[PDB]
Amino acid sequence: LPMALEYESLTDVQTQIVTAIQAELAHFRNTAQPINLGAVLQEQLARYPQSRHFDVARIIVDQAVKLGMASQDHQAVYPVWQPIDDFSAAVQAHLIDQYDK
Amino acid sequence: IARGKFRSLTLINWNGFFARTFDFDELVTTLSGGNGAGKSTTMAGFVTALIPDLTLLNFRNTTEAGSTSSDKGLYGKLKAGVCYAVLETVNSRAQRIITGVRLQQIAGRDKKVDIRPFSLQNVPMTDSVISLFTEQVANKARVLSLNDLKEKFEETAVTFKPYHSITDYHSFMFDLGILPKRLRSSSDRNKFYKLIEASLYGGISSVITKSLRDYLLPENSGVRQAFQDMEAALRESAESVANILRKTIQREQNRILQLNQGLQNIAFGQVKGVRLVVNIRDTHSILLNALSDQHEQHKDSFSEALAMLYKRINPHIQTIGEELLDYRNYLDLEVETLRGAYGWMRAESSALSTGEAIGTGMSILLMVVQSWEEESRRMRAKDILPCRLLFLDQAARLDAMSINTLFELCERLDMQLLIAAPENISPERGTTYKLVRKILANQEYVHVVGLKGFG
Amino acid sequence: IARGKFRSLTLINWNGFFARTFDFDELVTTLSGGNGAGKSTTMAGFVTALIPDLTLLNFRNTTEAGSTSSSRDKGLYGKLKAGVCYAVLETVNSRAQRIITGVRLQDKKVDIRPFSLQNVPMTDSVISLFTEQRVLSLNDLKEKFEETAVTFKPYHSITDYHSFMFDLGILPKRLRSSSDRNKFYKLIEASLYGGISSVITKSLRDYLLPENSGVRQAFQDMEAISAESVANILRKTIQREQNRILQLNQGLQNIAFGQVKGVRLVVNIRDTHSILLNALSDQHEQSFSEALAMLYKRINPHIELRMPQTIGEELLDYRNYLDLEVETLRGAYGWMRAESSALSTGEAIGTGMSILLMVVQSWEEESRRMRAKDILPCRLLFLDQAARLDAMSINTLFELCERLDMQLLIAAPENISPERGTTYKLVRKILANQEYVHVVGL
Ligand SMILES: Nc1ncnc2c1ncn2[C@@H]1O[C@H](COP(=O)(O)OP(=O)(O)OP(O)(O)=S)[C@@H](O)[C@H]1O
Ligand SMILES: Nc1ncnc2c1ncn2[C@@H]1O[C@H](COP(=O)(O)OP(=O)(O)OP(O)(O)=S)[C@@H](O)[C@H]1O
Ligand SMILES: [Mg+2]
Ligand SMILES: [Mg+2]
């Protein structure tokens, strides 16, 4: 029966990506220019390699929402699957208009 | 061989959901979000669209799964006015199908609600599922009633058919391969619904363990029928029955023999295997052994006759006669979970952990369907195939190893899974719908976002 | 200004664990890893350490929440090995006297016999206080201590164990009879599985408002008459225990679970019983338990049986006068009676968890009388599969302990655990076909 005790550290620079993405999107708040994730995404992917592709998405989305809400989202209309990449991945969401506070 | 798949469960005027469509991926559809979002309810709407039978519809809480204490769950999730819950199907014949349920609250005195099943055929792939129940007045949506739907289509290449009896609804879906089992009698509906319910709360659905042979076994309507008749002729046979049984059992035992093989590289925690060990009651085993080698003839109702024979082997405990014909009665089914400890062990919740149990449970369910479908090949055409789909609300209970294994499975056999991660992290393979419940004028308002293709 | 808490849970010989020490965190302890790695089981003994009662210990599986099917195996047997096993805790009284409470463990039935260990030095790892170079059995160990400095007590009846822990500074309640313990374990169960404890709600007043054992004895004797006094008593016994709750509420106001922004305890005075206290209050006409049984025999209801003193007896238990109700908040109609069939998985647990605090809080205070004024009982709950709670939801939980001076043991199979507090990672792997679990921290 042996027994020691070892602790491991988890370093996730995912926090920087968030902050840079925060301001990157926050940038849209200032100006009435909405946040079309069909463009915000198709462009942002071009920066970080497809290795951490997914993760970047979620956060741009997660962040894109905590900032507002689509306007023609109460006009009951099926959002079209706006594609990105050269391959498959796509995104579904109307433009993000009016703000919250 | 083409196989149908659901494409969209669009809910209308529901709790926090006005006109929000839900596109299902070829395999997995993960509902991402925070607590009290709309994940579960979204499925609630789904469940409903299939089994609009209120009798069985009961949305408890994932904090109560063995609650045999039947307030409800279906009312709230809908707002005032007219609502819906519809399904988009891709029939093996590339036929778009709109099987849906219409809802509308009722006089506020008792939480009661109404349901009218309906379907829409030949719906130009040009129009969105949501553009079927909407108008545009003064720039604010207007949900329309079924009598409104009728008119907008009355004269068109599009066919519409309101239903009265659930059976009409059900049977329709089955005819076009949306439903695997024959939903004729209401008792059938119980079995089905409970499976769907079982997939949800996750785990070793107890109710589907006691009557374990009531789900995996076809009780041949051919046997009783054809067999009896032989007697109608005899009057005006001996052990030709004994042969029928052990061959009919040998048959199905070969059926089960394989489905198991379909579950070997499954790894959930410690569970490295789930099988359907098929045992034969000694009571009947020696009877089958009796009506074979030995021969003490008493040719005086074959039913009645056989009965007396049970007195031969059984010095313990008419109705005995007949019952003792059906394939089933000559068995004793069970389930086992493969580990690294004592080889295989009868499946036992008390002996398994949260995860280990869900997987096993999932399995059992996988098997349920992989029995109903084939057991229906006859009553179906050679060119139609049902859809296979299950649930796993609160799928966070599964780590990475377990959850991943669930994938390789659906891919393994061809299926879809509307999982739900109360947490934001989750599988990169498949579709992801992130939800965010917002407040506008003190009114619920879920916020959806789509992601698919990553892979 | 004092405080007591938990320092470490300890297992011995258990299935997958030859001997492990989990040092309890200051505020919150968490367990994460792969499905079926040794999480619940670790808590299982924690539950088996506090309540060594085979009649109560029944670890069904999550998937089965409200299962009244007590036919199956209580499931604890296969959770350990064979031969000699142990369950032990390390708590620090308000006095700071390191205590060691726990029990030995060994068809499919399980034997169990509790014990204690006082005046033990801290500079000695309890781990070696049960291990030898092998495990030196109960009989070997009693000699260890005798001459030296420590107190091991071979407990006969379970009643004493508790009657020993409470007197020291652990149990927030007087576990006297089975009645008393049955309810305890149930709370602990409610913290393990979560959600609104179906059981507690249906009998709220039985886990919140205690009995003033005296109003019963004193009352009856006297005659060996009265008037508006007995009535008077109840009133101030109600409004008192009512303001008690009032405060318990004012604490859980900034909770955040899904859409639940609050929990409360609506203390209401039954229509029936209400009328009695208004009648005895200012009016009058024509056992004293009997007299009452007649005044109630005027107010005409539905159900109608009865013995005059079993009735009056029931009308001297101020608690039977009140009828509690638990309510949650929402941006919606807000203040609505909680309802399992209403709140989502998260909301459920959040609320459920809240009430348990009412329990413990109420209990703690319920016995500051029969306990040293220098000691402040240790409070702690559970939460298996906390993965069901999102960040906001989990944050709030944390913030609560820092509000209710308490400790919380959680367990999330999830690979993502917080950061506020020590955290353990467990990974079980096959070795010689013998169940083995590697324990490391992160
Ligand atoms: N019968 C009901 N009555 C009133 N509100 C309801 C009812 N059923 C659901 N809701 C609402 O729906 C929300 C819960 O939605 P769910 O879809 O269960 O959420 P959830 O996202 O699954 O949460 P989890 O399970 O915690 S991850 C609550 O905030 C309620 O206001
Ligand atoms: N009654 C039992 N008999 C024998 N082994 C058992 C019994 N109950 C549990 N186990 C074993 O213990 C393991 C589960 O241990 P637990 O500590 O409960 O796992 P868990 O990590 O809490 O589960 P989750 O919540 O699903 S991640 C399994 O791999 C089983 O082999
Ligand atoms: Mg567990
Ligand atoms: Mg839910």
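Residues numbered from 1 in each chain as written, not as in the entry; some residues may be left out. Chains lettered and ligands numbered in written order. Heavy atoms only, no water.

- Its PDB record attributes the structure to X-ray crystallography, giving the resolution as 4.000 Å.

- As recorded in the PDB entry, chain C goes by the name Chromosome partition protein mukB, Linker, listed as coming from Haemophilus ducreyi.

- You'll find chain A entered in the PDB entry as Chromosome partition protein mukF, with Haemophilus ducreyi given as the organism.

1. Some words on the overall build of chain C
So, step 1. When its secondary structure is counted, chain C shows 13 helices and 15 strands.
So, step 2. The C-alpha atoms of chain C give 24 Å as radius of gyration, which agrees with the globular expectation for 442 residues (22 Å, within 12%).
So, step 3. Judged by the C-alpha coordinates and their principal axes, chain C covers about 85 × 55 × 50 Å.
So, step 4. When burial is assessed residue by residue, chain C has 52% of its 442 residues classed as buried.
So, step 5. With the model as given, the accessible surface of chain C reaches about 22100 Å², and the carbon-plus-sulfur share is 49%. (Helix = DSSP H or I, 4+ residues; strand = E, 2+ residues; numbered from the N terminus. Rg over C-alpha atoms; globule rule 2.2 N^0.38 Å. Buried < 20%, exposed > 50% of the residue type's maximum accessible area, 1.4 Å probe, protein only. Areas by Shrake-Rupley, 256 points an atom, 1.4 Å probe, with all protein chains shown as cover.)

2. Concerning empty space enclosed by the protein
So, step 1. One number sums up the size of the largest cavity: a volume of about 180 Å³.
So, step 2. Looking at the largest cavity, it is lined by 15 residues, and the ones nearest its centre are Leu50, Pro172, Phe184, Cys378 and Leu380 of chain C.
So, step 3. Sort the elements by how many residues they give to the lining of the largest cavity and helix α4 (residues 178-193) of chain C lands first, with three residues.
So, step 4. Of the residues contributing to the lining of the largest cavity, the split by class is 14 nonpolar, no polar and one charged.
So, step 5. Inspection of the lining of the largest cavity shows a minimum of three residues originating in each of domain 1 (1-171 + 369-442) and domain 2 (172-368) of chain C.
So, step 6. Space inside the second largest cavity adds up to approximately 130 Å³.
So, step 7. Along the wall of the second largest cavity there are 13 residues; nearest its centre are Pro180, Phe192, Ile196, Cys387 and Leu389 of chain B. (1 Å grid on protein atoms, 1.4 Å probe; cavity = no way out; pocket = protein on both sides within 12 Å on 5 of 7 lines; lining within 4 Å. Points joined across faces, edges and corners; volume = space filled by probe spheres on them. Nonpolar A, V, L, I, M, F, W, Y, C, P; charged D, E, K, R; others polar. Domains from an automatic or database assignment.)

3. With respect to the site of ligand 1
So, step 1. Surveying the vicinity of ligand 1 reveals 23 residues, the closest of which are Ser40, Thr41 and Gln394 of chain B together with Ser344 and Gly346 of chain C.
So, step 2. Around ligand 1 the close residues trace back to chains B and C.
So, step 3. Take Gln394 of chain B: an N or O atom from its side chain is 2.7 Å from an oxygen atom of ligand 1.
So, step 4. Within the contact set of ligand 1, a nitrogen atom lies 3.3 Å away from a backbone nitrogen or oxygen of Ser341 of chain C.
So, step 5. Within the complex, the protein chains bury 90% of what would otherwise be the 660 Å² of accessible surface of ligand 1.
So, step 6. Elements represented by at least two residues in the shell around ligand 1 include exactly α1 (39-50) of chain B together with α12 (345-366) of chain C. (Near = heavy atom within 4 Å. Polar contact = N/O pair within 3.5 Å; in protein donor to acceptor, adjacent residues only side chain to side chain.)

4. Examining the interface of chain B and chain C
So, step 1. At the interface, 40 residues of chain B touch 43 residues of chain C.
So, step 2. Surface buried jointly by chain B and chain C totals about 3300 Å² across both partners, of which 43% is contributed by carbon and sulfur atoms.
So, step 3. Run the count over chain B and chain C and you get one salt bridge.
So, step 4. Linking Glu348 of chain B and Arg72 of chain C is a salt bridge whose minimum nitrogen-to-oxygen distance equals 3.2 Å.
So, step 5. Linking chain B with chain C are 18 residue pairs in polar contact.
So, step 6. At four residues, the largest contribution of residues to the side of chain B that touches chain C is made by helix α12 (residues 354-372) of chain B.
So, step 7. A per-class count over the side of chain B that touches chain C returns nine nonpolar, 22 polar and nine charged. (Contact = heavy atoms within 4.5 Å. Buried area = accessible area lost by both parts, 1.4 Å probe. Salt bridge = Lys/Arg side-chain N within 4 Å of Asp/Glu carboxyl O.)

5. Structural notes on the site of ligand 2
So, step 1. Close to ligand 2 lie 21 residues, the nearest being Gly355 of chain B together with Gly38, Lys39, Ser40 and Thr41 of chain C.
So, step 2. Residue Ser353 of chain B places a side-chain N or O atom 2.9 Å away from an oxygen atom belonging to ligand 2.
So, step 3. A distance of 3.3 Å separates an oxygen atom of ligand 2 from a polar side-chain atom of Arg428 of chain C.
So, step 4. Secondary-structure elements contributing two or more residues to the shell around ligand 2 are α12 of chain B together with α1 (39-50) of chain C.
So, step 5. Class assignment of the residues belonging to the shell around ligand 2 gives a composition of three nonpolar, twelve polar and six charged.

6. Re the sheet that holds strand β5 (residues 98-105) of chain C
Residue and element names in this part refer to chain C.
So, step 1. Spatial strand order, β2-β1-β4-β5-β6: five strands in an open sheet with antiparallel pairing. Every interior strand has two partners, whereas the edge strands, β2 (19-23) and β6 (112-116), have only one. In this sheet, adjacent strand axes meet at a mean angle of 15 degrees when their direction is disregarded.
So, step 2. Examined bridge by bridge, β5 and β6 share five bridges and lie antiparallel to one another. From the neighbouring strand, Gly102 faces β6, where its bridge partner is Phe115.
So, step 3. Seen against the sheet, α1 touches β1 (5-12), β2, β4 (85-92), β5 and β6 and runs at an angle of roughly 75 degrees to β4.
So, step 4. Sheet strands in contact with helix α3 (residues 158-168) are β5 and β6, and its direction is about 165 degrees off that of β5. (Pairing = 2+ DSSP bridges. Axes fitted to C-alpha atoms, helices over the stretch in contact; angles between N-to-C directions.)

7. Overview of helix α8 (residues 271-282) of chain C
Residues and elements named next belong to chain C.
So, step 1. A rise of 1.5 Å per residue sets the reference length of α8, with its twelve residues, at 16 Å; its end C-alpha atoms lie 18 Å apart and thus fit the reference within 8%.
So, step 2. For α8, the full list of buried residues reads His273, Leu276, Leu277 and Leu280. Seen along its axis, α8 keeps its buried residues to an arc of 90 degrees; they face one direction. Those residues of α8 that are exposed and angled more than 90 degrees off the buried face are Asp271, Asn278 and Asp282.
So, step 3. The inward-facing, buried residues of α8 abut α7 (228-251), α9 (288-295) and α11 (318-321). (Expected span 1.5 Å × (residues − 1). Arc of directions from axis to C-beta.)

8. Here we look at a nonpolar patch on the surface
So, step 1. A surface patch of nonpolar side chains, about 280 Å² in accessible area, is lined by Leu1 and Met3 of chain A together with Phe18 of chain C.
So, step 2. Within the fold, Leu1 of chain A resides in the segment before α1 (14-30). (Patch = residues over 30% accessible without salt bridge, like charges linked within 9 Å, V, L, I, M, F, W, Y side chains within 5 Å.)

9. Overview of the sheet that holds strand β12 (residues 380-384) of chain C
Residues and elements named next belong to chain C.
So, step 1. Strand order across the open sheet formed by five strands is β12-β13-β3-β14-β15, with mixed pairing between neighbours. Two strands close off the open sheet at either side, each with one partner strand: β12 and β15 (434-441). Going across the sheet, the axis of each strand differs from the next one's by a mean of 20 degrees, ignoring polarity.
So, step 2. As defined by bridge partners, strand β14 (residues 423-431) adjoins β15 across eight bridges and the pair is classed as antiparallel. Paired with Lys425 across the bridge in β15 is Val440.
So, step 3. Together, β3 (28-33), β12, β13 (407-411) and β14 form the strand contacts of α1, whose direction differs from that of β12 by roughly 150 degrees.

10. Some remarks on the UniProt feature "binding site: ATP" in chain C
So, step 1. According to UniProt, the feature "binding site: ATP" maps to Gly33, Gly34, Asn35, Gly36, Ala37, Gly38, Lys39 and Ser40 of chain C in the numbering used here.
So, step 2. Inspection of the secondary structure assignment puts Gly36 of chain C in the loop between β3 and α1.
So, step 3. Non-local contacts of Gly36 of chain C, meaning those with residues more than four positions away in its chain, are made with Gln270 and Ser353 of chain B together with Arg428 of chain C.
So, step 4. Assignment of secondary structure puts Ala37 of chain C in the loop between β3 and α1.
So, step 5. Taking relative accessible area as the criterion, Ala37 of chain C reaches 3% and is therefore assigned buried.
So, step 6. Once you skip the residues sitting within four places of it in the chain, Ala37 of chain C turns out to touch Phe17, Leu426, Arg428 and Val437 of chain C. (UniProt positions renumbered as here; feature names shortened; annotations may be inferred.)

11. A closer look at the domain arrangement of chain C
Residues and elements named next belong to chain C.
So, step 1. Split into domains, chain C comes out as domain 1 (1-171 + 369-442) and domain 2 (172-368).
So, step 2. Distance from the C-alpha centre of domain 1 to the C-alpha centre of domain 2: 32 Å.
So, step 3. Listed per partner, the contact involves 37 residues of domain 1 and 31 residues of domain 2.
So, step 4. When the two sides are added together, the surface that domain 1 and domain 2 hide from each other amounts to roughly 3500 Å², 64% of it contributed by carbon and sulfur.
So, step 5. On the domain 1 side of the interface with domain 2, the three residues burying the most area are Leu56, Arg379 and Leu381, jointly 17% of the side's total.
So, step 6. In this structure, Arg60 and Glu189 form a salt bridge, with 3.4 Å as the shortest nitrogen-oxygen distance.

12. Points about unusual backbone geometry
Excluding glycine, residues mostly have negative phi values, and the peptide bonds linking residues are mostly trans.
Residue and element names in this part refer to chain C.
So, step 1. Located in the positive-phi region is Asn119, a residue other than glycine, with phi close to 35 degrees.
So, step 2. Structurally, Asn119 can be placed in the loop between β6 and α2 (138-145).
So, step 3. Its identity is not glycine, yet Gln385 carries a phi of approximately 70 degrees, on the positive side.

13. Some remarks on the packing of aromatic side chains
So, step 1. Evaluated as defined, the whole model comprises 30 aromatic pairs over all chains.
So, step 2. Relative to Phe302 of chain B, the ring of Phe227 of chain B lies with its centre 5.2 Å away and its plane at 85 degrees, an arrangement referred to as edge-to-face. Neither residue differs from the other here; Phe227 of chain B and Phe302 of chain B are each classed as buried.
So, step 3. Both rings, one in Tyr155 of chain C and one in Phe164 of chain C, keep their centres 5.7 Å apart while their planes meet at 45 degrees; by these two values the pair is tilted.
So, step 4. Residue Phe164 of chain C is classed as buried on the basis of its relative accessible area, which comes to 9%.
So, step 5. What links up through ring pairs into an aromatic cluster is the set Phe6, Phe24, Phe46 and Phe391 of chain B.
So, step 6. Lying over the aromatic face of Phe54 of chain A, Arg58 of chain A brings its terminal NZ or CZ to 3.8 Å of the ring centre.
So, step 7. Taking the ring centre of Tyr201 of chain B as reference, the NZ or CZ of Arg60 of chain B above it sits at 5.9 Å. (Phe/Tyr/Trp six-rings, centres within 6.5 Å; stacked < 30°, edge-to-face > 60°. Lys NZ or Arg CZ within 6 Å of the ring centre and 35° of its normal.)

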